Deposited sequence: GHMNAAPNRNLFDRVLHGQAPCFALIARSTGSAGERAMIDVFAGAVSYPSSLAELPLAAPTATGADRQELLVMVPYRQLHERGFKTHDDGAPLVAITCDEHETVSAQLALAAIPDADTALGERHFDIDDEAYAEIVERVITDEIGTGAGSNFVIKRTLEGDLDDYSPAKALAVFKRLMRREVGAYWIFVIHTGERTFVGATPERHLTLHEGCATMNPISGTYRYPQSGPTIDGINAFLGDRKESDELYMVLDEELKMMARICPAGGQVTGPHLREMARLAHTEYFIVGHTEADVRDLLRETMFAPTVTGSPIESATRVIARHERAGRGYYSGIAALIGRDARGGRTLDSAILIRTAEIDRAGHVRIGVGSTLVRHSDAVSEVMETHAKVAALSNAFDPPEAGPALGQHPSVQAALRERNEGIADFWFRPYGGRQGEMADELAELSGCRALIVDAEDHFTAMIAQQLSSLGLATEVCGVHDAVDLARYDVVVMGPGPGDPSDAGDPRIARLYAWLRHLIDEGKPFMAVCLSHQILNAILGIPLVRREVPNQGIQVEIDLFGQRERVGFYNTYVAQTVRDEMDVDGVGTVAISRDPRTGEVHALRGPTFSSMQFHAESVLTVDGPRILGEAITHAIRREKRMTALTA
């Protein structure tokens, strides 16, 4: 059982998961202590083991600034040091799949200082501090607050998980649990890195708030052309250059700037690199805390912060530092600024600090909106933010079943005059015939299906049904179509009761001397209200060619008088009723036909009229 599994099952009372820079997660565990100063951090003498090794994970709280002679609201937040007794790496994707989900909804979720209040403080800082020469820029914290129910670290694991899957452009994504306090966050900004004497800082400032609909090229350009935003960045550049001038004898060298893209916002940024050989404790002490989260000049910024924030800061604007050794015993520092981070206590009470760099041309409502944008990804990580399930859609779907065939919706189990009658169904290459058989069956007929070329004894049946099919009914050069002409001529001649459907209805019309025409707009898969021998019916059509006539009755040699149901406007024929037969252009069997079985029954009843 690796360390990460032990962390997952609560076997590690003190641990850290840190996703830095397959993406890998660093997994740490060991002993907690709370030393009294940065001087007293438990660091051993130098040793090179032949590989990189982390020694201490340290959380520096805002109050630590006492070590620099600066005033803070002292809230007792300890300097935390966790000895990296164990350290493994696990694949980010694998880890996340192992992490169980959890309800991490924030209860009684609100800011300690609301928008109107925060806006008044912003204005005050601009007028009374920047406007009286206290400095050029300042960051004033406020705190998003909430309560997790049944809090345990597993819930922090769940938030870490969503953060990893949803947030982008972070420098560190992490969850650090010390025993009494849990930190979860996705910070964009390193505090200070140190590798082989090369120190790096990352002054970040300037913020583009993504619209709900997503970032745009126009939005970004307008931001990159905003004087306020540009000045903001140069100011923290300058401030961080002072810091680098202090810890690095030859000073810093700027590179950049870059656009850091995150999930809800984008930032502008520069990098500063320089050389230093100072002790890591000194470097930490002397860089408390980045100007991007305090202000400038720094000592005056702490004064200003104390004047306008009634509460202490906890770890907000503080540092999480990984202190370690390279293969050859050289000092290494990877540290990040504790912003975009939640502090959770044993009770489940969640504090998320957030501020903004206030400048002489800051607009207060924007800075308010900027704080919302900054907490947005973390906040979503706690409380993540259907068309089918919409009542308009549910309604429109239900409408599809109104005014179509009831039969086909009835349970295939439970669904006189004709009961007992034997029918033969002749298939013209369209399995609509199988549907015709089922419906005739439901009327009490016994039924049998065969093909057009098959040789059949026509004494075993009371009524013959001439089925539908593809093609042009005028096409006697199609052997199948010619074959159907033969069948119908034979049925008519013999006086055998029959019902012709669609293609065969058409053929019958030709045989009786009624013209066939092609419809310009075909009637292929359409339900139509028609007068069927004096009764409104709604029926399904699947035809392109149609019989056309001006006559409502026609007298035909070798047959007798045939009644014709037609459209009076167009002359299009829907059905024939002859002395010994009936026919339909439409498909009674179709889902598009209403009361198909009734209609077929009336068709059959009529066809067998001279029998009795």
If a residue lacks a C-alpha atom here, it counts as unmodelled; so which stretches of the deposited sequence fall into that category? 1-8, 30-35, 400-403, 434-441, 639-645
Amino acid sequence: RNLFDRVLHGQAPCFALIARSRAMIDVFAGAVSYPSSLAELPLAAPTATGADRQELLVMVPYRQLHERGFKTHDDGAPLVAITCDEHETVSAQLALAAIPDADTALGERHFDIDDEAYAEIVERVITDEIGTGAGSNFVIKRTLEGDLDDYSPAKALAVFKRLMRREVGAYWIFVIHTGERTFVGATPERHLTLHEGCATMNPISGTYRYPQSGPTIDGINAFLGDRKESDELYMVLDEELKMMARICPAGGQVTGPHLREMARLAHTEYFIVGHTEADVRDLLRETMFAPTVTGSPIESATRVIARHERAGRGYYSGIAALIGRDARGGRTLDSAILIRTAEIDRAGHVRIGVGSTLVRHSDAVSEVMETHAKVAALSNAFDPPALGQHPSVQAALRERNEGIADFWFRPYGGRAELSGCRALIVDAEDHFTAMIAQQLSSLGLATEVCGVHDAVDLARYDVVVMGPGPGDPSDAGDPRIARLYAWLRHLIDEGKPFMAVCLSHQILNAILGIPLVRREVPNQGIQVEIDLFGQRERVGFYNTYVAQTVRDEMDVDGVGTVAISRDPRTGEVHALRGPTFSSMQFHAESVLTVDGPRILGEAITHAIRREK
From here on, numbers count along this sequence of modelled residues.
If you average the CA temperature factors as listed in the entry, which stretch comes out higher, 449-457 or 228-236? 449-457
Between 539-547 and 55-63, the record assigns the higher mean Cα B factor to 539-547
Reading the B-factor column of the entry, which of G197, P411, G355, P203 has the highest value at its C-alpha atom? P411
Would you mind finding, among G312, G135, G477, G251, the residue with the largest C-alpha temperature factor in the entry? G477
What third of the chain does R331 rank in for C-alpha temperature factor, lowest, middle or highest? middle
Taking the C-alpha B-factors as the PDB entry records them, is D26 in the lowest, middle or highest third of its chain? lowest
Just say lowest, middle or highest third for the CA B-factor of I604 relative to the other modelled residues in its chain. highest
In terms of its chain's C-alpha B-factors, the third that includes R340 is the lowest
Just say lowest, middle or highest third for the CA B-factor of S366 relative to the other modelled residues in its chain. middle
